[PDB]
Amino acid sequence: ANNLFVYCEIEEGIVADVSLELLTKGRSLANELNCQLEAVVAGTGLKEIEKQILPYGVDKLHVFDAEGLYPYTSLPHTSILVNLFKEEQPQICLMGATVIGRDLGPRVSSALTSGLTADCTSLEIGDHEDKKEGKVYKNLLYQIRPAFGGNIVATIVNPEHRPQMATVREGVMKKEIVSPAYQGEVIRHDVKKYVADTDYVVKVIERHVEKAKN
């Protein structure tokens, strides 16, 4: 119903290590939430892409294969996530604290009017009791990292905004498959229906090189 998504970053046809680390962590979290683990991958020429991803315990892999999706540019990838997340209503989204993450994260979260904790150092599942309105939020994503000038390790929660989004650096989480034969549904979408066109033209105007008139 409301699942956990991981954005899988693609470099030269290969899914990044940090992404696999987050598939692994996503699996653990998904186990605890009793929900599904879904992945998104966007690039060009992704026929046997499931094979780097499904073994990690991915229930549903969303594939956006089109010639202008690689290399990464902000608008295409952003609109894909924003649109997909509008339909799927993920409760959680994780991605690598990479150069792409540092770009894609802020845009997608802003567009979905959601939270984002960057460079999380641990991810747990936990509750939060709001004494003020007297309610208990259950099964929130605990976004854990050093805080306040590195004085303590604090936890951040987004009680209401979805998705709860977080990034993690490479090497923080271990990667580990479930089974090389893990079975998962692969969905190859029509990029047209998800991606947003370019609409920019680079010109060099002639009059910019004509001597200024008196």
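Start at 1 with the first residue shown and count on from there.
message: Averaging CA B factors per stretch from the PDB record, which one is higher: 194 to 202 or 21 to 29?
response: Per the deposited B-factors, the answer is 194 to 202.
field: Of 59 to 67 and 143 to 151, the stretch whose C-alpha atoms average the higher B-factor in the entry
entry: The stretch with the larger average C-alpha B-factor is 59 to 67.
query: So among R107, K86, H77, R102, who wins on Cα B-factor in the entry?
result: That would be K86.
- prompt: For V209, does the deposited CA B-factor place it in the lowest, middle or highest third of the chain?
  reply: Tercile = middle for this residue's CA B-factor.
query: In terms of the chain's CA B-factor thirds, is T73 lowest, middle or highest?
result: Answer is middle: the recorded C-alpha B-factor places it there.
task: Comparing against every modelled residue in the chain, figure out the third that the C-alpha B-factor of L81 lands in (lowest, middle or highest).
output: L81: CA B-factor falls in the middle third of its chain.
message: When the deposited Cα B-factors of this chain's modelled residues are ordered and cut into thirds, is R188 in the lowest, the middle or the highest one?
response: Answer is highest: the recorded C-alpha B-factor places it there.
- request: Going by the recorded CA B-factors, say which third of the chain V40 sits in, lowest, middle or highest.
  value: Lowest third of the chain for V40's C-alpha B-factor.
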